[PDB]
Amino acid sequence: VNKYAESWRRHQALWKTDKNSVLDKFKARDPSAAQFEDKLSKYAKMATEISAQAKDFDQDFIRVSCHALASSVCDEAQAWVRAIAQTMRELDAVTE
Amino acid sequence: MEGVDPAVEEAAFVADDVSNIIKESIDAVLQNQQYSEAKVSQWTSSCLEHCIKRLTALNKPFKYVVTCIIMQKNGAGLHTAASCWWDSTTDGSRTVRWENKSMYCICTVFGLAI
Amino acid sequence: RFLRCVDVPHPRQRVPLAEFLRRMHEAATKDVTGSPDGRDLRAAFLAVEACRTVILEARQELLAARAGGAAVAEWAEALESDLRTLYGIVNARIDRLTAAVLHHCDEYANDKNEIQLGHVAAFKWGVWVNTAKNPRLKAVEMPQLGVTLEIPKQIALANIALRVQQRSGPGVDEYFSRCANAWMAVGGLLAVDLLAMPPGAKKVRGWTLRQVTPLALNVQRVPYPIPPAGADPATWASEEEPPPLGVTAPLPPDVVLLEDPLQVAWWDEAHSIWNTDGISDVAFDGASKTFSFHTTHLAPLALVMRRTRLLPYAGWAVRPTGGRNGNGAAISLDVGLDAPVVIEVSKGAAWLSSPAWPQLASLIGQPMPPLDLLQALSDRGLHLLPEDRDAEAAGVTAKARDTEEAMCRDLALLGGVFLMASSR
Amino acid sequence: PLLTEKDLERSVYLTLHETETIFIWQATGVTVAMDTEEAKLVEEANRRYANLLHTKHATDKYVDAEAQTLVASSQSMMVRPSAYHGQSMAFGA
Amino acid sequence: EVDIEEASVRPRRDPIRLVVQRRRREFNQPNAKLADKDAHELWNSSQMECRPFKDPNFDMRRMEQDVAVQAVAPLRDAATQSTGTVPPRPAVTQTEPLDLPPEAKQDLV
Amino acid sequence: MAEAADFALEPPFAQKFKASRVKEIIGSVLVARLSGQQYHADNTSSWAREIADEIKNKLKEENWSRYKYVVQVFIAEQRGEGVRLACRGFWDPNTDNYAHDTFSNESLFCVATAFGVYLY
Amino acid sequence: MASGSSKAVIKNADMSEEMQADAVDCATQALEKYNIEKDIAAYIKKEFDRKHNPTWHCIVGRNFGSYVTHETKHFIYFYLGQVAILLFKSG
Amino acid sequence: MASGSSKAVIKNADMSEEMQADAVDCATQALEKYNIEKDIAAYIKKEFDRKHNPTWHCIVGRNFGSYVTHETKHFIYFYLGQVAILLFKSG
Amino acid sequence: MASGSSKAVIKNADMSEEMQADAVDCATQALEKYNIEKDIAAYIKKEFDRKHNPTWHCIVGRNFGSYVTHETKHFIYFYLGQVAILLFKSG
Amino acid sequence: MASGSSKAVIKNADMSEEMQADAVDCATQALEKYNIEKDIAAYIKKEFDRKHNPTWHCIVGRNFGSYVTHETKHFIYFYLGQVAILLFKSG
Amino acid sequence: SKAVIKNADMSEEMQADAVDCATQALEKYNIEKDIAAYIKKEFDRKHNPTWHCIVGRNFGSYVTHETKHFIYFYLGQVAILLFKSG
């Protein structure tokens, strides 16, 4: 059970990495729309993978519900997605 | 002059016939043509096609390789040399150069028995 | 059909049937010049049998056809389109097989220089190639089709090939929806085709050089006569009718002379009729059922009877046989023939009772639907399924289909209860 | 598997294909035979091209313009029935 | 116009395809002895030359030239089909005992 | 001597004519022979012969069995002559292959071509 | 003839609604006129190149797996009965 | 490519107007006369070599960002239908 | 591990021989490392976007028909044993 | 800031081998300088206008066919990454 | 017990293979279930699964089989049925 629980920590970066710092570093390089789309698609695909992996795991005589954990990590990835579109729309508004 | 076996000659490289084929193919496309950079590629293609069609019409158990180079006449010197590794009992090769007041056309044909 | 597990889609599978059809066509037209795959007779005979089955089903569905009116009309048009596609596929497959065979003549040659190949399925096929150019050979006999041919000096002096193809049985004739005025094929179709020599292979030191040819992809057809060693049969021809090829072939043993006088014809493709002209010495040996004729035009050949030979039928007289109520009948027909043809019919199925000819014995006493009974009779060859272009040819008022069918149903409501008679 | 006698006797089909015209080298040759009116024409073309160079150099005739040529997600799809079950059974025993 | 209907290279005929067939046992000839033939050996057959002539020496300062630009060659539409067996055929199967003829039984009798 | 039963008509993929390897061989020969070399009509024919011999020797050292090698070397002075060089063949494309390379300096330009035709 | 248009079930679509409807209809005609998957894909691809500017790419079949890059709002993948149809605009 | 006419979206035209109309016309005839990008480029180049004092350079393609010099009143870039074309006199 | 290299049956290829061999090797690695067709396609596409740059498209399957537009010398459709692999550059 | 993982294939060049090496180096430097192919071509053009007998028009792009009257001893055509470059002089 | 081929959409060689495999299964086993299991697994190993095998003396079946992938025969008085599907 502990090994299964620790296996979910391979995605710990989503909730342990500073979104503000990562976004500032990404934006300081004058990122292209291609890189924006790449990051958005990467976060979306990891979110979809977590949602698909939101399943009950039966270890011997104990079942394990990752529904709350997987939902939380998917929400984290969706927030990662949202705070890219927010910057992009603000830039578009300034230009317009 | 002893009589060559017709069966051997059917699968033997005939340098004279290959040279005649090359000369006629060159003359059919370039005998009365002055050098033209636009049409030189089509001329080379036509010469290669004529050489290939005549070699195939010869109907011998030989894979045929035809190369054609057309260079403009301006005083530039061109020198060629070929070294090959093959069974020299049946196969063969032939190089023919033709010229007008405008171009040099060098065609080399290799026939290699299957 | 489902129990039989038939290898082809029924005509009631329009899109799947058409896809199967042209994928048959792609298989038949596939390039097999460099492999012996196309040199197998069964590789073509399989498609031939498949197409025969589809032709049988399509003819069964079309004879009944021959909002609802428009639907049945387009269904018919689809049926004849399928039939034409099947004929084309069969022809292309046979041409591919023969082309693949002749593309290796250097290996298929025999000691005699006269190559004789045959195969009988329904359909008999035979090819004879005379590369010997023997001038004294005037008679060629092929037992694989049972045919004897008195040939002219042209074949004796020239090197050609000759293909004889006899299609017999159900669904083998097309010149009833293809013919124009009064002709049809009887006893099957005999396609005789002259063939020029395709470019053969060259053998050098055991190596065999083989070049791709359109003749190697498919074969062509050459009409009569044969060039006298250096002419052009396709364009040039003897202005006088060339020495007529006497073709004595075994007619299927279920056909008796009904055309008076007996006639054999070559299909006048340019005229859409059966050209009896140039087809001389028309004889029929009934002791062995063999039709002999001297032909000056090599093309689809057949014994031919007039589509108006029995038209109009002199009268009909149908009695009840189903007892008190309507459950059976027996019709005696004076169709312009000697014996009054008596058919015992009953609910769903009809069977001949007289004449009791052994040629028709397979249907005498055979309880099976009257439509397919007349279909099987026409398979031997009988004008029992007439057309309007045959009625007006015979010179009688072709009853309009609506009136005819309404009258049919009105009398059939009365069938086993009343007595019916023909009105002159 | 070792080839048998019938395999050895079998005639192996080999196919030869004619290749296309394979152009190898096209030197950007710069000459025409000045002994010929062809090179007279090409030389007057060369001098008119030099005149074009001079005219371009003459005045403010080098102005250019911008060309902002502005003219991509990778999705994974799967197509499977994924329903197989090998099952054995005895009947009526 | 005529510039390209001259410059363009179009094949004048289809490629010629030949099939050579021989018995499998006829292959693997041990007499096949590939040998070296240098250009000095092929001097009379392959090693040619075009000597630069000095008296005419008609080389000119050609200044205008055009080059056939392709970049990415025109994209080709490709139709690919992956199919297995031709559509399956049904079957009728029923168990039925098989027995020898009474004629054969009486023969054994 | 190998019998016809085990005689493989097609060369092993390790023994197949490697177009990239022949490109590398031809380029190495051209660099070793013509880099920094000025055109010399008396020396050009000998240089072409040496280049062809070296390329053929390297192809032999590659030791691809039953692969006949044909090497052709063109070396010409760069006086600006319009040159159109092309080739066209008729063989079995499944086993036979080709390669070529070009070198050019301020004085001369050369094209060295090697064809490997499989023997059966 | 009966309208044998099976219920189109859309799995993955980065499209507009009218584009999805057009794709469903085009796939319906493609299946009605052709059962060969490459012919179906060719019909759909040429129809949508004419309608919505080249180049589209169509893959039709029953057993396959793909990983392709598509233009935004230019991607669809669905079933029409038992047949899998994929369309994507790229290049 | 081949067509009867196409919309030349001119991003910039260092031209006179009549000779812009000439450019539209010549590119139009090139479209139906030829079927290759290089072909259309050469057709336009020869058209203005005959009309407007050679030599002109013409580029036809799909996706290419370039920067060139030319002579004033003799430059244009336009996405003619499905092909972008850069046409400019520069000697 | 036995080197059960299923001989690739090149059905239709427009590339060079060396790059076709590289494609065969990449497909062999893909089938060695994965067991899902989408995984095979993703591996091949990523490998060839690292080698020959995006964009590539790979379809792995056994029952499919495709009609796609590919860049010249950037196409292959073959069979690695019973596995059909299609690769083409577009985008 | 950008670069291509494809060996520079110089299809043809009317300029010396070391000149072409300098051209490849300049193209690479342009790639690391800019992300827009227009600016890639612009920087290559300005570099070889200040270095290599101006004016060297540069065209960088994937697919395009053209004729240009390049000044002699002043032309190269080479594929790099996924963009072909026509780097010639006509000024 | 000679194999009595009742129905065959097959080739000759792999008909002989089917006969040999069925003979081996009958030699090694005594239950029709096990014989069918052996036949099916061997033919999956040899001839591109998926196959299906039914062994017994009392059964009537109607199945759809791939072309050249169907046989129904008798070994002695035991009926063995093979057909490839899925």
# chains A, B, ... in the order shown; residues from 1 in each chain; ligands from 1

call {"tool": "calpha_fit_and_write", "arguments": {"fixed": "chain I", "moving": "chain J", "output": "compact mmCIF listing (two decimals) with N, CA, C and O atoms, in the first residue's frame"}}
result
# COMPACT_ATOMS: atom_id res chain seq x y z
N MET J 1 11.60 -6.25 -25.86
CA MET J 1 10.44 -6.66 -25.08
C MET J 1 9.35 -7.13 -26.06
O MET J 1 8.42 -7.85 -25.68
N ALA J 2 9.49 -6.73 -27.32
CA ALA J 2 8.65 -7.26 -28.39
C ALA J 2 9.41 -7.13 -29.71
O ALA J 2 10.29 -6.28 -29.86
N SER J 3 9.06 -8.00 -30.65
CA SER J 3 9.67 -8.00 -31.98
C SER J 3 8.88 -8.94 -32.88
O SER J 3 8.10 -9.77 -32.41
N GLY J 4 9.10 -8.80 -34.18
CA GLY J 4 8.39 -9.59 -35.18
C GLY J 4 9.36 -10.40 -36.01
O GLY J 4 10.39 -9.89 -36.46
N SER J 5 9.02 -11.67 -36.22
CA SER J 5 9.85 -12.57 -37.02
C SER J 5 9.39 -12.61 -38.48
O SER J 5 9.14 -13.67 -39.05
N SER J 6 9.28 -11.43 -39.09
CA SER J 6 8.90 -11.31 -40.49
C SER J 6 9.77 -10.25 -41.14
O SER J 6 9.96 -9.17 -40.56
N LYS J 7 10.31 -10.55 -42.32
CA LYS J 7 11.16 -9.60 -43.02
C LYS J 7 10.38 -8.34 -43.37
O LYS J 7 9.24 -8.40 -43.82
N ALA J 8 11.02 -7.19 -43.14
CA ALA J 8 10.39 -5.90 -43.40
C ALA J 8 10.12 -5.72 -44.89
O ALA J 8 11.06 -5.59 -45.69
N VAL J 9 8.85 -5.70 -45.27
CA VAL J 9 8.44 -5.55 -46.67
C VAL J 9 8.02 -4.10 -46.86
O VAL J 9 6.91 -3.71 -46.51
N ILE J 10 8.92 -3.30 -47.42
CA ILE J 10 8.64 -1.89 -47.71
C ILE J 10 7.89 -1.84 -49.04
O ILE J 10 8.50 -1.88 -50.11
N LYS J 11 6.56 -1.77 -48.97
CA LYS J 11 5.76 -1.75 -50.19
C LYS J 11 6.04 -0.50 -51.02
O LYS J 11 6.18 -0.57 -52.24
N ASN J 12 6.11 0.66 -50.36
CA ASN J 12 6.42 1.91 -51.04
C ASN J 12 7.03 2.86 -50.01
O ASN J 12 6.76 2.74 -48.81
N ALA J 13 7.84 3.79 -50.50
CA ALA J 13 8.53 4.73 -49.61
C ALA J 13 8.93 5.96 -50.40
O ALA J 13 9.63 5.84 -51.42
N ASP J 14 8.50 7.13 -49.94
CA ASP J 14 8.95 8.40 -50.50
C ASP J 14 10.11 8.93 -49.65
O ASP J 14 10.04 9.99 -49.04
N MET J 15 11.19 8.15 -49.63
CA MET J 15 12.35 8.46 -48.80
C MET J 15 13.46 7.48 -49.14
O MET J 15 13.19 6.33 -49.50
N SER J 16 14.70 7.95 -49.02
CA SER J 16 15.86 7.24 -49.55
C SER J 16 16.01 5.86 -48.90
O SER J 16 15.39 5.56 -47.88
N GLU J 17 16.85 5.02 -49.51
CA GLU J 17 17.01 3.65 -49.02
C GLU J 17 17.66 3.61 -47.64
O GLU J 17 17.23 2.84 -46.77
N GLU J 18 18.70 4.42 -47.42
CA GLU J 18 19.30 4.47 -46.09
C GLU J 18 18.33 5.08 -45.09
O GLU J 18 18.30 4.68 -43.92
N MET J 19 17.52 6.04 -45.54
CA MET J 19 16.45 6.58 -44.70
C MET J 19 15.48 5.48 -44.28
O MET J 19 15.06 5.41 -43.12
N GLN J 20 15.10 4.61 -45.22
CA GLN J 20 14.22 3.49 -44.90
C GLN J 20 14.89 2.49 -43.97
O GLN J 20 14.22 1.88 -43.13
N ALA J 21 16.20 2.29 -44.12
CA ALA J 21 16.92 1.44 -43.18
C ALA J 21 16.84 2.01 -41.77
O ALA J 21 16.60 1.27 -40.81
N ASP J 22 17.04 3.32 -41.64
CA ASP J 22 16.88 3.97 -40.34
C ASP J 22 15.45 3.82 -39.83
O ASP J 22 15.23 3.64 -38.63
N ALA J 23 14.47 3.90 -40.73
CA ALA J 23 13.07 3.73 -40.33
C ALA J 23 12.82 2.33 -39.79
O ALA J 23 12.13 2.17 -38.77
N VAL J 24 13.36 1.31 -40.45
CA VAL J 24 13.21 -0.06 -39.97
C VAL J 24 13.88 -0.23 -38.62
O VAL J 24 13.33 -0.86 -37.71
N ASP J 25 15.08 0.34 -38.46
CA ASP J 25 15.76 0.26 -37.17
C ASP J 25 14.94 0.93 -36.07
O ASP J 25 14.81 0.39 -34.97
N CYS J 26 14.38 2.11 -36.36
CA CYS J 26 13.56 2.81 -35.37
C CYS J 26 12.31 2.01 -35.02
O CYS J 26 11.92 1.95 -33.85
N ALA J 27 11.68 1.40 -36.02
CA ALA J 27 10.50 0.57 -35.75
C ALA J 27 10.86 -0.61 -34.86
O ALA J 27 10.13 -0.93 -33.91
N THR J 28 12.00 -1.25 -35.14
CA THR J 28 12.43 -2.37 -34.30
C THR J 28 12.69 -1.91 -32.87
O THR J 28 12.27 -2.57 -31.91
N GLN J 29 13.38 -0.77 -32.71
CA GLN J 29 13.64 -0.25 -31.37
C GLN J 29 12.34 0.04 -30.63
O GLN J 29 12.22 -0.27 -29.44
N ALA J 30 11.36 0.62 -31.33
CA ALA J 30 10.05 0.82 -30.73
C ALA J 30 9.45 -0.50 -30.28
O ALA J 30 8.88 -0.60 -29.19
N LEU J 31 9.58 -1.54 -31.11
CA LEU J 31 9.05 -2.85 -30.74
C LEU J 31 9.69 -3.36 -29.45
O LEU J 31 8.99 -3.82 -28.55
N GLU J 32 11.02 -3.29 -29.35
CA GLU J 32 11.63 -3.75 -28.10
C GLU J 32 11.33 -2.81 -26.93
O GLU J 32 11.49 -3.21 -25.78
N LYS J 33 10.91 -1.57 -27.21
CA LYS J 33 10.60 -0.65 -26.13
C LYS J 33 9.22 -0.92 -25.53
O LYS J 33 9.07 -1.05 -24.31
N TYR J 34 8.20 -1.03 -26.38
CA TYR J 34 6.82 -1.05 -25.92
C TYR J 34 6.10 -2.31 -26.38
O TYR J 34 6.50 -2.96 -27.35
N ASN J 35 5.04 -2.67 -25.65
CA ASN J 35 4.15 -3.75 -26.04
C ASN J 35 2.85 -3.25 -26.65
O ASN J 35 2.05 -4.07 -27.11
N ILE J 36 2.62 -1.94 -26.67
CA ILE J 36 1.39 -1.36 -27.20
C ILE J 36 1.72 -0.68 -28.52
O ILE J 36 2.63 0.15 -28.58
N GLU J 37 0.97 -1.04 -29.57
CA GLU J 37 1.23 -0.49 -30.89
C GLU J 37 1.05 1.02 -30.93
O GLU J 37 1.73 1.71 -31.70
N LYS J 38 0.16 1.56 -30.09
CA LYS J 38 0.06 3.01 -29.95
C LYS J 38 1.40 3.60 -29.52
O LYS J 38 1.86 4.59 -30.09
N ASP J 39 2.04 2.99 -28.52
CA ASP J 39 3.33 3.49 -28.06
C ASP J 39 4.44 3.20 -29.07
O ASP J 39 5.40 3.97 -29.16
N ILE J 40 4.32 2.11 -29.84
CA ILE J 40 5.27 1.86 -30.93
C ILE J 40 5.25 3.04 -31.90
O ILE J 40 6.29 3.64 -32.22
N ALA J 41 4.05 3.40 -32.35
CA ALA J 41 3.90 4.51 -33.28
C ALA J 41 4.34 5.82 -32.64
O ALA J 41 4.95 6.66 -33.30
N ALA J 42 4.04 6.00 -31.35
CA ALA J 42 4.42 7.23 -30.66
C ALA J 42 5.93 7.39 -30.61
O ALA J 42 6.46 8.48 -30.86
N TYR J 43 6.65 6.32 -30.28
CA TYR J 43 8.10 6.42 -30.20
C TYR J 43 8.72 6.62 -31.58
O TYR J 43 9.67 7.41 -31.73
N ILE J 44 8.22 5.92 -32.59
CA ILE J 44 8.73 6.14 -33.94
C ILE J 44 8.49 7.58 -34.36
O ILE J 44 9.38 8.24 -34.93
N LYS J 45 7.30 8.10 -34.06
CA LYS J 45 6.97 9.48 -34.40
C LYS J 45 7.90 10.46 -33.70
O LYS J 45 8.41 11.39 -34.33
N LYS J 46 8.14 10.27 -32.40
CA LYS J 46 8.98 11.22 -31.68
C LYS J 46 10.43 11.14 -32.17
O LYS J 46 11.11 12.16 -32.28
N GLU J 47 10.91 9.93 -32.48
CA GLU J 47 12.27 9.79 -32.98
C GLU J 47 12.45 10.52 -34.30
O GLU J 47 13.41 11.28 -34.49
N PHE J 48 11.52 10.33 -35.24
CA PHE J 48 11.69 11.02 -36.51
C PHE J 48 11.15 12.44 -36.51
O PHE J 48 11.36 13.16 -37.49
N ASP J 49 10.52 12.89 -35.43
CA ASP J 49 10.29 14.32 -35.26
C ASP J 49 11.51 15.02 -34.69
O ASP J 49 11.75 16.20 -35.00
N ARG J 50 12.30 14.33 -33.87
CA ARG J 50 13.56 14.91 -33.41
C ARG J 50 14.70 14.68 -34.39
O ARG J 50 15.75 15.31 -34.24
N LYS J 51 14.53 13.81 -35.39
CA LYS J 51 15.61 13.49 -36.31
C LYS J 51 15.33 13.78 -37.78
O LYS J 51 16.26 14.17 -38.49
N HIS J 52 14.10 13.62 -38.25
CA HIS J 52 13.81 13.50 -39.68
C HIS J 52 12.75 14.51 -40.11
O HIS J 52 11.76 14.15 -40.75
N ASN J 53 12.95 15.80 -39.78
CA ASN J 53 12.06 16.86 -40.25
C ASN J 53 10.63 16.66 -39.74
O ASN J 53 9.77 16.16 -40.48
N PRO J 54 10.36 16.97 -38.47
CA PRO J 54 9.01 16.81 -37.92
C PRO J 54 7.95 17.51 -38.78
O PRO J 54 8.25 18.48 -39.48
N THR J 55 6.72 17.01 -38.72
CA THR J 55 6.33 15.92 -37.82
C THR J 55 5.93 14.64 -38.57
O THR J 55 5.06 14.66 -39.45
N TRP J 56 6.55 13.53 -38.16
CA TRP J 56 6.37 12.23 -38.80
C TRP J 56 5.32 11.43 -38.03
O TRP J 56 5.64 10.66 -37.12
N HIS J 57 4.07 11.57 -38.45
CA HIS J 57 3.01 10.70 -37.96
C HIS J 57 3.31 9.24 -38.29
O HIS J 57 3.68 8.91 -39.43
N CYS J 58 3.15 8.38 -37.30
CA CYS J 58 3.37 6.95 -37.44
C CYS J 58 2.09 6.21 -37.09
O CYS J 58 1.44 6.52 -36.08
N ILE J 59 1.72 5.24 -37.92
CA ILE J 59 0.57 4.38 -37.69
C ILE J 59 1.07 2.94 -37.74
O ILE J 59 1.64 2.51 -38.74
N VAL J 60 0.84 2.20 -36.66
CA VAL J 60 1.24 0.80 -36.56
C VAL J 60 -0.01 -0.02 -36.30
O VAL J 60 -0.72 0.22 -35.32
N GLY J 61 -0.28 -0.98 -37.18
CA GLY J 61 -1.46 -1.82 -36.99
C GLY J 61 -1.59 -2.84 -38.09
O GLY J 61 -0.96 -2.73 -39.15
N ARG J 62 -2.44 -3.83 -37.83
CA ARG J 62 -2.56 -4.97 -38.73
C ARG J 62 -3.31 -4.59 -40.01
O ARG J 62 -2.76 -4.67 -41.11
N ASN J 63 -4.57 -4.17 -39.88
CA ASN J 63 -5.44 -3.94 -41.03
C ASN J 63 -6.00 -2.53 -40.95
O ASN J 63 -6.71 -2.19 -40.00
N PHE J 64 -5.69 -1.71 -41.96
CA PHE J 64 -6.26 -0.38 -42.08
C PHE J 64 -5.97 0.18 -43.46
O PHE J 64 -4.90 -0.07 -44.02
N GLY J 65 -6.93 0.92 -44.01
CA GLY J 65 -6.78 1.58 -45.29
C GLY J 65 -7.02 3.07 -45.19
O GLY J 65 -8.01 3.50 -44.60
N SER J 66 -6.13 3.87 -45.77
CA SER J 66 -6.16 5.31 -45.55
C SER J 66 -5.55 6.06 -46.73
O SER J 66 -4.79 5.50 -47.53
N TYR J 67 -5.90 7.34 -46.82
CA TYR J 67 -5.13 8.33 -47.55
C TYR J 67 -4.66 9.40 -46.57
O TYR J 67 -5.45 9.91 -45.78
N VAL J 68 -3.37 9.71 -46.63
CA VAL J 68 -2.81 10.84 -45.90
C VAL J 68 -1.96 11.65 -46.86
O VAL J 68 -1.29 11.10 -47.74
N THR J 69 -2.00 12.97 -46.70
CA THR J 69 -1.20 13.86 -47.53
C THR J 69 0.17 14.00 -46.87
O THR J 69 0.47 14.96 -46.15
N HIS J 70 1.00 12.99 -47.11
CA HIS J 70 2.36 13.00 -46.60
C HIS J 70 3.19 14.07 -47.29
O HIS J 70 3.08 14.27 -48.51
N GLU J 71 4.00 14.78 -46.51
CA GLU J 71 4.98 15.67 -47.09
C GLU J 71 5.98 14.87 -47.91
O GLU J 71 6.36 13.75 -47.56
N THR J 72 6.38 15.45 -49.04
CA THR J 72 7.18 14.73 -50.01
C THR J 72 8.61 14.55 -49.51
O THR J 72 9.11 15.35 -48.71
N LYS J 73 9.26 13.48 -49.98
CA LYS J 73 10.53 13.00 -49.45
C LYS J 73 10.43 12.64 -47.97
O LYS J 73 11.46 12.56 -47.28
N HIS J 74 9.22 12.41 -47.48
CA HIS J 74 8.99 12.16 -46.06
C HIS J 74 7.92 11.09 -45.85
O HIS J 74 6.98 11.27 -45.08
N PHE J 75 8.01 9.97 -46.57
CA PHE J 75 6.99 8.94 -46.42
C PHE J 75 7.58 7.55 -46.62
O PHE J 75 8.47 7.36 -47.45
N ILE J 76 7.06 6.59 -45.86
CA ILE J 76 7.34 5.17 -46.07
C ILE J 76 6.13 4.37 -45.60
O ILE J 76 5.46 4.73 -44.63
N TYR J 77 5.83 3.29 -46.32
CA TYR J 77 4.85 2.30 -45.91
C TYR J 77 5.52 0.93 -45.94
O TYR J 77 6.03 0.52 -46.99
N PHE J 78 5.53 0.24 -44.80
CA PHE J 78 6.27 -1.01 -44.74
C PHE J 78 5.62 -1.98 -43.76
O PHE J 78 5.21 -1.58 -42.67
N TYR J 79 5.52 -3.24 -44.17
CA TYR J 79 5.01 -4.29 -43.30
C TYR J 79 6.16 -4.93 -42.53
O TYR J 79 7.21 -5.25 -43.10
N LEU J 80 5.95 -5.11 -41.23
CA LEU J 80 6.96 -5.70 -40.36
C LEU J 80 6.26 -6.53 -39.30
O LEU J 80 5.32 -6.05 -38.66
N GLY J 81 6.73 -7.75 -39.10
CA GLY J 81 6.03 -8.66 -38.21
C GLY J 81 4.65 -8.95 -38.77
O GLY J 81 4.51 -9.44 -39.89
N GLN J 82 3.62 -8.65 -37.98
CA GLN J 82 2.24 -8.75 -38.44
C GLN J 82 1.53 -7.40 -38.39
O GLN J 82 0.30 -7.33 -38.39
N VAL J 83 2.29 -6.31 -38.34
CA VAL J 83 1.73 -4.97 -38.30
C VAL J 83 2.36 -4.13 -39.41
O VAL J 83 3.59 -4.02 -39.49
N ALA J 84 1.52 -3.58 -40.27
CA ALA J 84 1.95 -2.59 -41.23
C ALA J 84 2.15 -1.25 -40.54
O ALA J 84 1.45 -0.90 -39.58
N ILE J 85 3.13 -0.49 -41.03
CA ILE J 85 3.48 0.81 -40.48
C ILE J 85 3.45 1.84 -41.60
O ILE J 85 4.13 1.67 -42.62
N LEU J 86 2.64 2.87 -41.41
CA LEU J 86 2.65 4.07 -42.25
C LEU J 86 3.41 5.14 -41.49
O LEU J 86 2.91 5.70 -40.52
N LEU J 87 4.64 5.41 -41.92
CA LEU J 87 5.52 6.36 -41.25
C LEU J 87 5.76 7.51 -42.22
O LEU J 87 6.59 7.41 -43.13
N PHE J 88 5.01 8.59 -42.05
CA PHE J 88 5.06 9.71 -42.98
C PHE J 88 5.17 10.99 -42.18
O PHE J 88 5.14 10.99 -40.95
N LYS J 89 5.31 12.11 -42.89
CA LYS J 89 5.39 13.42 -42.26
C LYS J 89 4.30 14.30 -42.83
O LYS J 89 4.11 14.35 -44.05
N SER J 90 3.54 14.96 -41.95
CA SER J 90 2.57 15.96 -42.37
C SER J 90 2.53 17.13 -41.38
O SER J 90 1.46 17.64 -41.04
N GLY J 91 3.69 17.57 -40.92
CA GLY J 91 3.75 18.65 -39.95
C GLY J 91 4.99 19.52 -40.03
O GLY J 91 5.93 19.22 -40.75

call {"tool": "residues_around", "arguments": {"residues": "residue K:19", "least_positions_apart": "4", "cutoff": "9 Å", "atoms": "only C-alpha atoms", "output": "PDB file with C-alpha atoms, in the first residue's frame"}}
result
ATOM      1  CA  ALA K   3      -9.182 -38.694 -41.501  1.00  0.00           C
ATOM      2  CA  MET K  14      -2.190 -27.326 -43.643  1.00  0.00           C
ATOM      3  CA  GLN K  15      -5.007 -29.845 -43.987  1.00  0.00           C
ATOM      4  CA  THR K  23      -3.930 -37.332 -34.337  1.00  0.00           C
ATOM      5  CA  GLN K  24      -1.386 -36.142 -31.761  1.00  0.00           C
ATOM      6  CA  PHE K  73     -13.461 -34.036 -40.623  1.00  0.00           C
ATOM      7  CA  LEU K  75     -10.980 -39.386 -37.342  1.00  0.00           C
TER       8      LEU K  75
END

call {"tool": "residues_around", "arguments": {"residues": "stretch 98-110 of chain F", "least_positions_apart": "3", "cutoff": "7 Å", "atoms": "only C-alpha atoms", "output": "MDAnalysis selection string"}}
result
(chainID F and resid 19 22:23 26:27 30 38:39 74:78 113:116) or (chainID J and resid 16:17)

call {"tool": "write_last_selection", "arguments": {"atoms": "C-alpha atoms", "output": "CSV table (one decimal), in the first residue's frame"}}
result
chain,number,residue,atom,x,y,z
F,19,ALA,CA,24.7,4.2,-49.8
F,22,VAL,CA,29.9,4.7,-50.0
F,23,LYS,CA,29.1,8.4,-49.8
F,26,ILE,CA,33.9,8.8,-51.9
F,27,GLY,CA,34.0,12.0,-49.9
F,30,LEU,CA,37.9,13.3,-52.8
F,38,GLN,CA,44.8,23.3,-58.6
F,39,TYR,CA,43.7,22.1,-62.0
F,74,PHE,CA,35.0,13.3,-63.7
F,75,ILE,CA,37.5,16.1,-63.0
F,76,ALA,CA,37.2,19.3,-65.1
F,77,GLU,CA,38.7,22.8,-65.1
F,78,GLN,CA,36.4,25.5,-63.6
F,113,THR,CA,30.4,8.0,-58.6
F,114,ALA,CA,30.2,4.4,-57.4
F,115,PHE,CA,27.7,1.8,-58.5
F,116,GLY,CA,27.3,-1.5,-56.7
J,16,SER,CA,33.2,28.1,-53.7
J,17,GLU,CA,33.2,25.3,-51.1
